[PDB]
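Peer 1: Chains as they are written, first to last, in the authors' numbering: chain A, 61 to 152; chain B, 153 to 167, 178 to 212, 220 to 447, 454 to 514, 517 to 541, 548 to 570, 584 to 591, 593 to 615, 619 to 659, 671 to 682; chain C, 2 to 6, 9 to 13. Note that the Cβ used here is the ideal one computed from N, Cα and C, for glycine as well.
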Ligand SMILES: [Ca+2]
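(1) Which two residues bound the contiguous beta strand (DSSP E) that contains residue 489 (chain B)?
(2) If you check the beta carbons only, do residue 252 (chain B) and residue 236 (chain B) fall under 8 angstroms apart?
(3) Under 9 angstroms, CB to CB, which of the residues in the segment 377-394 of chain B have a partner in chain C?
(4) At a cut-off of 7 angstroms, is residue 360 (chain B) close to ligand 1 when judged by its beta-carbon and the heavy atoms of the ligand?
(5) Can you find a heavy atom of ligand 1 that lies under 7 angstroms from the Cβ of residue 335 (chain B)?
(6) Look at the Cβ atom of residue 287 (chain B), then the Cβ atom of residue 312 (chain B), and state whether they are nearer than 8 angstroms.
(7) Over the uninterrupted beta strand (DSSP E) stretch that includes residue 447 (chain B), give me the two end residues.
(8) Is there a C-beta anywhere in chain A that falls below 8 angstroms from the one on residue 186 (chain B)?
(9) On a CA-only basis, which of B:406, B:297, B:467 and B:507 is nearest residue 491 (chain B)? Give me that one, please.
(10) Could you spell out the range, first to last residue, of the beta strand (DSSP E) harbouring residue 247 (chain B)?
(11) My output table needs one value for residue 156 (chain B): the three-state DSSP class, helix, strand or coil.
(12) Answer yes or no: the CB of residue 167 (chain B) versus the heavy atoms of ligand 3, is any distance below 7 angstroms?
(13) Can you check which of these residues, B:400, B:426 and B:292, is closest to residue 344 (chain B) by C-alpha distance?
(14) So is residue 533 (chain B) buried or exposed if we call it buried at 16+ other beta carbons inside 10 Å?
(15) Give me the chain A residues within the contact set of residue 317 (chain B), using Cβ-Cβ distance strictly less than 8 angstroms, ordered along the chain.
(16) Given a limit of 8 angstroms on CB to CB distance, which residues of the segment 354-367 of chain B reach chain C?
(17) Any idea what DSSP makes of residue 301 (chain B), helix, strand or coil?
(18) Look at the Cβ atom of residue 419 (chain B), then the Cβ atom of residue 361 (chain B), and state whether they are nearer than 8 angstroms.
(19) Identify the contact partners of residue 69 (chain A) in chain B, using a Cβ-Cβ distance below 7 angstroms as the criterion.
(20) Check distances from the C-beta atoms of the segment 260-277 of chain B to those of chain A and list, in chain order, the residues that come in under 8 angstroms.
(21) Let me know the secondary structure DSSP gives residue 72 (chain A) once reduced to three states.
(22) Using a beta-carbon distance below 8 angstroms, is residue 611 (chain B) in contact with chain A?
(23) Taking the alpha-carbon positions, what's the residue 456 (chain B) to residue 351 (chain B) distance?
(24) Between the alpha carbons of residue 587 (chain B) and residue 353 (chain B), how many angstroms are there, rounded?
(25) If you reduce the DSSP assignment to three classes, tell me which class residue 260 (chain B) lands in.
(26) Please report the distance separating the alpha-carbon of residue 400 (chain B) from that of residue 90 (chain A).
(27) Would you report the Cα separation of residue 194 (chain B) and residue 417 (chain B), rounded to the nearest angstrom?
(28) Do you know how far the Cα of residue 203 (chain B) is from the Cα of residue 278 (chain B)?
(29) Going along chain B in order, which residues have a C-beta closer than 8 angstroms to the C-beta of residue 144 (chain A)?
(30) So what's residue 382 (chain B) in DSSP terms, helix, strand or just coil?
(31) Quick one, are the C-beta atoms of residue 218 (chain B) and residue 562 (chain B) less than 8 angstroms apart?
(32) Counting Cβ pairs, one atom from each stretch, are 3 or more of them under 8 angstroms apart for the segment 473-480 of chain B and the segment 376-396 of chain B?
(33) Helix, strand or coil, according to DSSP, for residue 2 (chain C) in the structure here?
(34) Any C-beta of chain A sitting closer than 8 angstroms to the C-beta of residue 664 (chain B)?
(35) Would you list, in sequence order, the uninterrupted alpha helix (DSSP H) runs of no fewer than 4 residues that lie entirely inside the segment 345-418 of chain B?
(36) Measuring alpha carbon to alpha carbon, tell me which of B:429, B:158, B:636 and B:265 ends up nearest residue 363 (chain B).
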């Protein structure tokens with residue numbers, strides 16, 4: 061049920077930084093557990109990850125600096141709703 | 153000695179407790195245009211760059234919003250978040266963490282109505298549209314720029330976001346800003362246009378100097394100021410209520426639609442923003464196109480506190496199967512059926530208090552809203568095979598009348614049968633609630649409302676407009 | 002129009 065998304069304007073993509081978005085009803089301590097669970101299993105595979113920020117107040121989730129290789133692993137984490145690659149915004 | 157843009161948003165008749183957040187570059191907060199009125203939060207989330222240039226974009230825009238001499242809403246309080254770096258560049262993640270900071274600021278030290286200006290754009294983002302949406306259902310007014318790419322604004326964020334006012338730009342001759350392959354964005358995701366070319370504002374070169382800049386964020390800046398003044402005269406306004414007033418008080422039918430691609434001219438509203446001088456409000460909503468199947472439905476929907484009084488459809492082809500009003504999630508919704518090139522669903526979304534509305538689906548001298556005191560606000564019509585005030589007329594077709602119980606509401610039905621395009625408009629003071637086509641000697645491909653004008657397109672055709680007032 | 006958004012306008 062959890063899906064991945066990334067910007068279509070290809071030169072605006074920002075690979076390596078991902079916005080993990082959990083389901084509506086997820087609590088902040090659940091979101092932090094889920095985010096550290098990612099680093100836990102990514103460390104087992106010899107990948108280093110950095111949780112840059114954990115969200116709460118508008119949407120539940122977190123922002124992780126990691127390889128895209130871990131995207132199958134991250135999609136299967138509990139509570140995960142969708143993941144989106146970070147991308148560039150510009151002054152208008 | 154009055155800048156063209158400030159005169160344009162002045163109505164033809166004309167006679178604080180709101181805060182305005184701004185997310186972009188750094189700001190020269192001690193510029194005499196904006197000095198004292200602009201608290202720099204010093205929040206910062208900007209990517210690494212791959220000094221007077223750093224704050225040029227945001228200084229100008231804070232000046233357009235509240236500058237002392239060249240601002241729209243002088244005396245508006247502003248707070249500044251840095252999300253774009255010195256090259257005008259930012260990230261979606263930076264903008265989420267920024268929007269999140271605003272909401273948590275508002276929970277920790279509440280104030281009056283909030284107007285967040287988003288003078289930025291990237292490609293369509295699921296996550297950024299969700300955040301603007303959930304911030305808007307919390308009660309915060311978000312105003313955004315349509316985009317600078319002469320494109321469909323639905324392909325960009327937060328321009329395409331649900332529940333954000335998206336603003337495109339126009340210049341001093343009431344035409345869309347276009348510059349080669351660059352220019353204002355357009356389409357069903359643009360709510361209105363505002364002055365955005367040759368806009369004079371505070372220049373980050375000196376504390377006293379001015380510059381002229383262009384952009385859909387300059388257009389957005391006029392509207393954030395118009396909304397800031399609007400929200401101080403009436404702080405209780407919901408966002409549905411504000412957007413209806415923004416549309417109502419705009420200048421209508423001044424833009425030269427020939428500057429837009431042919432297929433986007435119906436989808437793009439011909440509105441140029443204006444302040445209120447010193454009622455039944457309706458706006459037309461266009462659907463995300465359905466598809467090329469013969470079993471194909473597109474859906475246009477109204478705001479949560481917005482009633483749906485009519486529903487129609489438009490097929491560029493002609494081969495259409497009509498439209499119908501259906502309840503979904505507890506809300507009236509408009510759904511258009513394809514035969517088939519594809520179809521749009523054109524909903525008429527109105528703001529009516531003290532009114533219960535209901536759909537009555539029956540064949541076509549019968550009356551559909553026979554309940555005494557109820558008004559007929561709009562008539563829909565759909566069929567399966569391809570071959584008198586409170587009454588809907590048809591041909593083999595199933596009718597979907599929408600009938601509201603409303604005390605002050607008064608409704609009259611104007612018609613006009615005649619060719620490519622037939623029009624009939626409600627008289628001044630009435631609001632068009634429903635627009636429908638009556639068939640005849642010509643196949644009709646669609647009927648849609650344009651402010652208070654009912655427009656039916658055919659290839671004998673009768674336009675049928677339902678107009679309502681208060682008393 | 003300006004680079005922060009250098010051609011002229013009107
Ligand atoms: Ca919009």
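Peer 2: Checking against the coordinates, here is how it stands:
(1) 482-489
(2) no
(3) 380, 381, 382, 383, 384, 386 and 387
(4) yes
(5) yes
(6) yes
(7) Neither: residue 447 (chain B) is in no beta strand (DSSP E) and is coded neither H nor E.
(8) yes
(9) Comparing Cα positions, the closest option is B:467.
(10) Annotation for residue 247 (chain B): the continuous beta strand (DSSP E) segment containing it runs 246-251.
(11) helix
(12) You won't find ligand 3 in this model; what it holds is ligand 1.
(13) B:426
(14) Around the beta carbon of residue 533 (chain B), fewer than 16 other beta carbons sit within 10 angstroms, so the residue counts as exposed.
(15) 152
(16) Within the segment 354-367 of chain B, the residues whose Cβ lies closer than 8 angstroms to some Cβ of chain C are 366 and 367, listed in chain order.
(17) helix
(18) yes
(19) 292
(20) Only those residues of the segment 260-277 of chain B whose C-beta falls short of 8 angstroms from the nearest C-beta of chain A are listed: 260, 261, 262, 263, 264, 265, 266, 268, 269, 272, 273 and 276.
(21) helix
(22) no
(23) 34 angstroms
(24) 43 angstroms
(25) strand
(26) So the two alpha carbons sit approximately 38 angstroms from each other.
(27) 34 angstroms
(28) 14 angstroms
(29) In chain order: 261, 294, 295 and 296.
(30) strand
(31) Since the numbering of chain B jumps from 212 to 220, residue 218 (chain B) cannot be located in this structure.
(32) no
(33) Residue state, collapsed to three classes: coil.
(34) Here chain B breaks off after 659 and picks up again at 671, leaving residue 664 (chain B) without coordinates.
(35) Correct list: 385-402 and 408-417.
(36) B:158
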